[PDB]
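A.B. asks: Chains A, B, C, D, E, F and G, in that order, are what the protein sequence lines are.
With this note's numbering applied, the first sequence covers 141 to 354.
With this note's numbering applied, the second sequence covers 191 to 301.
With this note's numbering applied, the third sequence covers 240 to 416.
With this note's numbering applied, the fourth sequence covers 240 to 416.
With this note's numbering applied, the fifth sequence covers 240 to 416.
With this note's numbering applied, the sixth sequence covers -7 to 200.
With this note's numbering applied, the seventh sequence covers 9 to 54.
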Amino acid sequence: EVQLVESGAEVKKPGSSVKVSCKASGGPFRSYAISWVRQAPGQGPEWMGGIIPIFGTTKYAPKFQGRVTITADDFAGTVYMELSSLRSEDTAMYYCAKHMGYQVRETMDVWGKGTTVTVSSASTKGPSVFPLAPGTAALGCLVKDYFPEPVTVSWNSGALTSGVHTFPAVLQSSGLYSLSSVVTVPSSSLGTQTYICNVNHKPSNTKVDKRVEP
Amino acid sequence: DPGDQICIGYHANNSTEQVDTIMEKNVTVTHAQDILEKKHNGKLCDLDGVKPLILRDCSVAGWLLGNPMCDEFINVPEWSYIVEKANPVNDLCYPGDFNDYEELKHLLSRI
Amino acid sequence: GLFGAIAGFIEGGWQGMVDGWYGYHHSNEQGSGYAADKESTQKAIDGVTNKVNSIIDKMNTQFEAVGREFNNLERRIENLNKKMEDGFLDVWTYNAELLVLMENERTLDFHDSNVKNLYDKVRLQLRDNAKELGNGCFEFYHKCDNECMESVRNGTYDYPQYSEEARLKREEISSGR
Amino acid sequence: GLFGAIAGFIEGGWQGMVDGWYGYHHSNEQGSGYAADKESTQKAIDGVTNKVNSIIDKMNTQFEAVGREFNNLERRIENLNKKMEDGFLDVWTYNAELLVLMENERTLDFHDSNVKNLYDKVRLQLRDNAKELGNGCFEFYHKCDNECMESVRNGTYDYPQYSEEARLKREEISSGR
Amino acid sequence: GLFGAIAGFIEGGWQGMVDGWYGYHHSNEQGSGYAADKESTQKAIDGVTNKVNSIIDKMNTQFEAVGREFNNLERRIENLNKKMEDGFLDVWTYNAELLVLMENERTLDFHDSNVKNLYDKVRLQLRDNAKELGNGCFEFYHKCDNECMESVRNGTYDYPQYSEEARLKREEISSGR
Amino acid sequence: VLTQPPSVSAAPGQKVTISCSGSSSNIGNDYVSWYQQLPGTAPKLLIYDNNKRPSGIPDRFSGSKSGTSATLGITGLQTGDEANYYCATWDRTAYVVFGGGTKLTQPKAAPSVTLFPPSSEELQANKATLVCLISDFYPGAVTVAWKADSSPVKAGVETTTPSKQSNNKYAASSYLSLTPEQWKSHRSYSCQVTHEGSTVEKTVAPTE
Amino acid sequence: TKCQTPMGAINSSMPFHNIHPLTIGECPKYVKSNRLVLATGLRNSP
Ligand SMILES: *[C@@H]1O[C@H](CO)[C@@H](O)[C@H](O)[C@H]1NC(C)=O
Ligand SMILES: *[C@@H]1O[C@H](CO)[C@@H](O)[C@H](O)[C@H]1NC(C)=O
Ligand SMILES: *[C@@H]1O[C@H](CO)[C@@H](O)[C@H](O)[C@H]1NC(C)=O
Ligand SMILES: *[C@@H]1O[C@H](CO)[C@@H](O)[C@H](O)[C@H]1NC(C)=O
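Below is the structure:
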C-alpha cells in the first residue's frame, strides 16, 4: 500500500554531486527505515545506505562511506540521497527501498520504480541531422553528435512505419552519441514522392526536419 | 558462585533536547521534534508561478482611477496577490472620497 | 515516572545500547553485551509515529485569518472583526500548546510503561529459575549461554528445561553451601 | 497496553466468560469453569457509564449556527459572518474528535488496569500458598475445592488455614519428590 | 485507582501520618511509629504545584468580552456580535471545565502511582530478606531496629549484611520449627 | 563477496534451485532474503528471514539455509519466472550485501549491409562520416572491418554492439570518421561485414 | 514560494508557524507560541 516515488533523471559531470529524493505515501511520519540501493547496467544491486525513523541515524556501506549523505524531511514524507565526487561508474539506476521495520536490514519489501543518473564529461549538445541519399533502395538520416539520450526520429510526421529501422546510437570516444534512421522504399517512387525525417532532441530543445532527396 | 545475569534497561544518549509537561518543564529527552516554524526570509515573492501586483506608493484608488503618479500600473499582468502600503502617498491627488471603497477592495480579494 | 521503571527501579539508562529504545544487557561465561528488543522498540515507534501524524492531521483545519478593511465610521465592526479574529488565534494557540503538553506526558509515561512491561516479560518467563536482584537484573540459578539468553530475548525460554538445575542451585543456597 | 495485562502477560481473552468483563477460570478435582468478578465489572460499568454521561453533558452547550442574510454591498460582514460561524464549527469538531480519541485510550487502558489489579488481588491473597505460573494463572500448593475457590473470588481466602499444607508441598517440591 | 495502591491493596490511609502524603509505619522490639517519606512527598508537591501554575498560565490569555451598542436597524450585526461573544464564553468554559476534570483524574492517579512506586522501592531493597504480607506490609526475616528501619526509609538498606540471618530464619520456617 | 552460480536452466514444470554462499560473518549468524528482477523493473522481495514468504508470492517459491549457505527453489516454473535472482544478507563493518545474481532460463540469417557515404551538407561543414548499417542477422555476432582503397583502416572507427530487433533478428552500426581531403583523395572506401564466416562487402566512392 | 507573509516568505513542511497570521498560499497554521516541541524519545539520563 505504501508507494515510493522518486525524483526525475539526472545527468552530471564527474566530480560533482547529485541529490535524489524519494516521497513515501501515507504518514507523513513513518515507522520503517528507508534505504538507497543502486544497480549499474549489467550488474547486481549494491546497497548504499539507509536512515532510521525517529532515531534519525544513518548507516552507509563501506563502498560509499565518505561521499554519501542520506537525510529525511519527515513532515514531507521524503528522504534524500546525495552522492558526491561522481565518477562514470556511478552511472546507474538508483532505487529507494523501504524495510519491513525500523531497522535497516537485508529485507526491503517495497521499492521505488528507479531513477537514472548518468555521469559523463559531455555537456548537453543538440544533434546535427544530415540526409542519407538514394529492386528497392535505401534512404535515411544521420543524427550526429548529441548528448544525452534519447532522441526521437519519425518519418513524415509519423506516417511512414512500414520498412523503417532506427538504429541504437553508438557511444563515441568523445562522449557524444550518434544514430541513423533508414527506410527501404520502392525505387519507382524516388524522384516524385517526398521524404522528411523529423528529429526531436528534448534535452537540447532542438526540433529538426530534413528533406531527403536524390 | 554468582550466576549468569540478564538485565532490562533503556536507551540513553547525549541529547540535550528538552520538552515541557503540565507537571515539569525542561525535561531532557532522548529524541524530540520541533513542529513550529519560526523562520521567514524577509521578502515578498511570486506565489508559485505568479508574481504579485506590488503597488509601490500607490493606493488601490490611485491605481484604478489612474492618479498620474501611478502610471506603472496602466496595464498590469495577472497577479497572485496585491501588496499595498499602510499609507500610500499617492491616493486621491484631487481630494475627495471613494464610495463603498472597502466593499470594492473586498471584491478585488477575489480577482 | 508513573510506571516507576525509567529513572526508578532501573536507575539511569544505557549509552551503550544504541540500536533501540529498550533492551537487554547480559553476562555469562562467554562474556557480556547489549541487545535491543526489536519488537517493543517497534511498537513504540509505531505509537509515537501515529501520534505525531494524528496531531498534524487534527490541526489541519484550524482558523485562518483574512484581512478586511473598514472606514472611520465602521469602528464598531472593525473592533468586532479584530476581536473575533484574535479570539480564534487564542483558542487555537491554547489547543496546540495544551495538546503538546498533555501528549508529552503521555509519551514519556508510555516509554516508562514499555520498560516496565518488558521487565515483567522476562520476569514471568524465568519465574523462580532466576532471582530478581532489584536494579532491573535477574541472576540465573542455572547456566545460561548465548543460545539460552536469546531464548529469553525472543519469547522462547523453556522453563521446564532448566528447572531441575534451578531447584538444585536454590537448594545449595538455602543450605548455606 | 499501558498496564501490560490485556494482550500482554495474559495473552488473549476468554470467549467463554460471558457474564462480565473480568473474571476467573478455575480447575480442580471437581472440574473446571469460568466465573465473572461482579465487583470489578461493576466499577468498570460505573466508570464508563459516567464517562459517557459526562461527555454528553459537556457537549450540551456548544455553538449553534443561525442564518443571517446580507445584500450585495454587505459582502465584508457576510464574509465575517461566514468565517465566524465556520470558525466555531471547527473549534467544536476538533473538541469532539479529540475528546473522543483521548478518552478512548483512557478507557482501553482503564480495562487493562482493571485486569492487572484483579490479578494482583488474587496474587496478594494467596502469596506463597500458590505459585505464579506467568500466563495469568496460579497453581496452588494445597487442595482448593469449589468452596476454597469462591473464597479467592470474593475476598475471603484464609491464608493461615492452608499454609501448613502449603509448606509441606513446597518442601516436597524443593526436595525433589 | 489505575495503580491499585490507594484504596486497593493498601486498603485505606493513615490519619496518623501527618507530615507528608506517603510514608512508612514500622514495628519492632523498641516500639512502633509513623514516618513520612520526604522525597516522594516533595516530588508530588513539585508536580501538583507546577500543574496548578501551568493551568493558571495557560488560562492567561482567553476571550474578554467588550460592550458594543447597536441601533434598531443593526439587529443582524447585534445578533452576530452577541453570538460571537457567547460563542467564546462557551469555548472557554468548556476548556476550563474539561481541563479541570481531566487533570483531577491524573492527579488522583499520580498519587496512587506514587504509593505503588514507594512500596516497590521498599520491596526491591528487601527482596527475600522480607516476606510480602499483602496489605502493604513486609515482615522481616531478621531483626530490624530503628537504625535498620531508617536504612529502608532512606535508600540505604544493605541486603548482604542481613542475608545470612535471613536464610537461617527462612530455613527454620520451611522446616516447621 | 557472496557466491552464487551465474546461471541455471530448466523446462516449464520442473523444480530449479539457486544456491548462495558466504562465510560465518554473513549467512552463519544473519538471515537471508531473496529477490526477483525482471528487465525494466525493480527487484521484488520473494522470500525473507530465510524461509518466510510475503503476501502476493505463490508457495512455489521457497528457501532455506542448509549450513553457512542458502538456497532458493522454484517449482512448476512458468515463462514469467525468466529473470534474475539475488540473495541478500547482513554482514558484520556492517552492511547489506547482495549475491552476484543468477540468470534463470530461428535459423542462420545473413546480414543486410547498407553503406552510405558522406552527405554534401556534412562535407560543406568540414566533416565526413561513412555510415555502415548492418541488420537482420542471426546469430547476432558480426565482426566489421574497414578498407581505404584496397587496404585496411582501424583509425576513426566506432562500431556498436549487436541489438535484438522487434522481429528477433539482430542489428548493428559502424561509423568511420574522415576529413574531406581523406575522403576526396581516395578511390573507394569499403565496409566489410563478416558473419558465420561469410563476408559481405559494400564500397562507396566520392560522387564517383 | 508556496507561502507568503506580510513580513516574508515561509519555506517549511512544519504544521505550525508564528510569523504572522495573514498569509496566502499553502501555509502552516499560525500560533502566538514561541515554542512547540513534541517528545518522541524518552527521558534522558542525569
Ligand atoms: C527552562 O529552560 C529555559 C531555557 O533554558 C529557561 O529560560 C527557563 O528559565 C527554564 N524554566 C524552568 C522552570 O526551569
Ligand atoms: C529464539 O531463540 C532461539 C535461540 O536459542 C532460536 O534458536 C530460535 O530460533 C529463536 N526464535 C525466533 C522465532 O527467532
Ligand atoms: C465468600 O465465599 C465463601 C465460600 O467459601 C462463602 O461461604 C462466604 O459466605 C462468601 N462471602 C460473601 C460475602 O459472599
Ligand atoms: C540513612 O540511614 C542510616 C541509619 O541507619 C544513617 O546512618 C545514614 O546516615 C542515612 N543516610 C542519609 C543520606 O541520610
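In this text, a Cβ means the ideal position worked out from N, Cα and C, and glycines have one as well.
By the three-class DSSP mapping on this structure, what secondary structure does residue 304/B have?
C.D. replies: Lying before the first or after the last residue shown, residue 304/B is absent from chain B, which here runs from 191 to 301.
A.B. asks: Interface residues of chain B around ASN393/C at Cβ under 7 angstroms?
C.D. replies: Near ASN393/C there are no residues of chain B at all, since even the closest Cβ is about 12 angstroms away, more than 7 angstroms.
A.B. asks: Which residues, taken in chain order from the region 317 to 332 of chain C, show a beta carbon closer than 9 angstroms to some beta carbon of chain D?
C.D. replies: Look at the region 317 to 332 of chain C: the residues with a C-beta under 9 angstroms from a C-beta of chain D are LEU319, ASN320, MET323, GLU324, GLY326, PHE327, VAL330, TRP331.
A.B. asks: Does chain A have any CB closer than 8 angstroms to the CB of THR48/G?
C.D. replies: yes
A.B. asks: Considering only heavy atoms of ligand 3, does any lie closer than 7 angstroms to the CB of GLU404/E?
C.D. replies: no
A.B. asks: Would you mind telling me which residues of chain D sit closer than 7 angstroms to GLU410/C, beta carbon to beta carbon, in chain order?
C.D. replies: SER413
A.B. asks: I want to know whether the region 214 to 231 of chain B touches the region 12 to 27 of chain G - three or more CB-CB distances under 8 angstroms.
C.D. replies: yes
A.B. asks: List, in order along the chain, the chain G residues whose C-beta lies closer than 9 angstroms to that of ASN356/C?
C.D. replies: Residues of chain G passing the Cβ test: none, with the nearest at roughly 14 angstroms.
A.B. asks: Measure the CB-CB distance between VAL250/A and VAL142/A and report whether it falls below 8 angstroms.
C.D. replies: yes
A.B. asks: Considering just the uninterrupted stretch of the beta strand (DSSP E) at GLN254/D, what are its terminal residues?
C.D. replies: Careful: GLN254/D lies outside any beta strand (DSSP E) and carries neither H nor E.
A.B. asks: Taking beta-carbon pairs under 9 angstroms, can you tell me which members of the region 287 to 313 of chain A lie near chain F?
C.D. replies: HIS305, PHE307, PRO308, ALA309, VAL310, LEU311, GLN312, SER313
A.B. asks: Going along chain F, which residues have a C-beta under 8 angstroms from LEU282/A?
C.D. replies: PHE108, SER111, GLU114, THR121, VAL123
A.B. asks: From which residue to which residue does the beta strand (DSSP E) around residue 89/A run?
C.D. replies: Given a span of 141 to 354 for chain A in the structure shown, any question on residue 89/A remains unanswerable.
A.B. asks: Of the residues that make up the region 294 to 317 of chain C, which ones have a beta carbon closer than 8 angstroms to any beta carbon in chain A?
C.D. replies: If the cut-off is 8 angstroms between Cβ atoms, the region 294 to 317 of chain C has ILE295 near chain A.
A.B. asks: Would you report the Cα separation of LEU241/D and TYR273/D, rounded to the nearest angstrom?
C.D. replies: 26 angstroms
A.B. asks: Taking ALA173/A as the query, report the chain G residues whose CB atoms sit under 8 angstroms from its CB, ordered along the chain.
C.D. replies: Among the residues of chain G, none has a CB under 8 angstroms from the CB of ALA173/A; the nearest is roughly 15 angstroms distant.
A.B. asks: May I ask you to report which of helix, strand or coil DSSP gives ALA246/D?
C.D. replies: Note: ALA246/D maps to coil in three-state DSSP.
A.B. asks: Could you run through the region 341 to 367 of chain E and flag, in chain order, every residue whose CB is less than 9 angstroms away from some CB of chain B?
C.D. replies: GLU342, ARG345, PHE349
A.B. asks: In terms of alpha-carbon separation, which member of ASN374/D, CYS387/D, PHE327/D, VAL287/D lies closest to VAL339/D?
C.D. replies: Looking from the CA of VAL339/D, the closest CA among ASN374/D, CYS387/D, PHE327/D, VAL287/D belongs to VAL287/D.
A.B. asks: Suppose you measure from the CA of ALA147/F to the CA of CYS79/F; what does that come to, to the nearest Å?
C.D. replies: 45 angstroms
A.B. asks: When every heavy atom of ligand 2 is checked, does at least one fall within less than 7 angstroms of the C-beta of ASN393/C?
C.D. replies: Yes.
A.B. asks: With a threshold of 8 angstroms between beta carbons, is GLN243/A in contact with chain C?
C.D. replies: The Cβ of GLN243/A sits closer than 8 angstroms to at least one Cβ of chain C.
A.B. asks: Starting from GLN281/C, find everything on chain A with Cβ-Cβ shorter than 8 angstroms and list it in chain order.
C.D. replies: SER171, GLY241, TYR242
A.B. asks: Taking the C-alpha atoms as reference points, what is the distance between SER271/E and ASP359/E?
C.D. replies: 22 angstroms
A.B. asks: Based on DSSP bridge pairs, tell me the residues matched to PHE270/A.
C.D. replies: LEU282/A
A.B. asks: Where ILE412/D and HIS350/D are concerned, what is the direct C-alpha to C-alpha distance, given to the nearest angstrom?
C.D. replies: C-alpha of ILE412/D to C-alpha of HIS350/D: approximately 36 angstroms in a straight line.
A.B. asks: Ignore the nearest five residues each way along the sequence and tell me which others in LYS382/E's own chain have a CB closer than 8 angstroms to its CB.
C.D. replies: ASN267, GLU268, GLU404
A.B. asks: Can you find a heavy atom of ligand 4 that lies under 7 angstroms from the Cβ of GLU389/E?
C.D. replies: yes
A.B. asks: When the Cα atoms are used, what is the spatial distance from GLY199/B to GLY255/C?
C.D. replies: 11 angstroms
A.B. asks: So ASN310/C packs on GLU274/B, CB below 8 angstroms; how close in whole Å?
C.D. replies: So it is not a contact: roughly 15 angstroms between Cβ atoms.
A.B. asks: From the DSSP output, in three-state form, read off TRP251/A for me.
C.D. replies: strand
A.B. asks: Is there contact between the region 274 to 285 of chain C and the region 369 to 385 of chain C, where contact requires at least three CB pairs shorter than 8 angstroms?
C.D. replies: Output reads no: the region 369 to 385 of chain C does not touch the region 274 to 285 of chain C.
A.B. asks: Starting from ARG51/G, follow its DSSP beta bridges and name the residues at the other end.
C.D. replies: Bridge partners of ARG51/G: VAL219/B.
A.B. asks: Whose Cβ in chain B lies nearer than 8 angstroms to the Cβ of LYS10/G?
C.D. replies: Within chain B, the residues whose beta carbon sits less than 8 angstroms from that of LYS10/G are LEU237, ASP238, listed in sequence order.
A.B. asks: Between which residues of its own chain and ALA369/E is the CB-CB distance below 7 angstroms, once the five residues before and five after are set aside?
C.D. replies: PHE377, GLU378, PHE379, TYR380
A.B. asks: What three-state label does DSSP hand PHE195/A in the structure shown?
C.D. replies: coil
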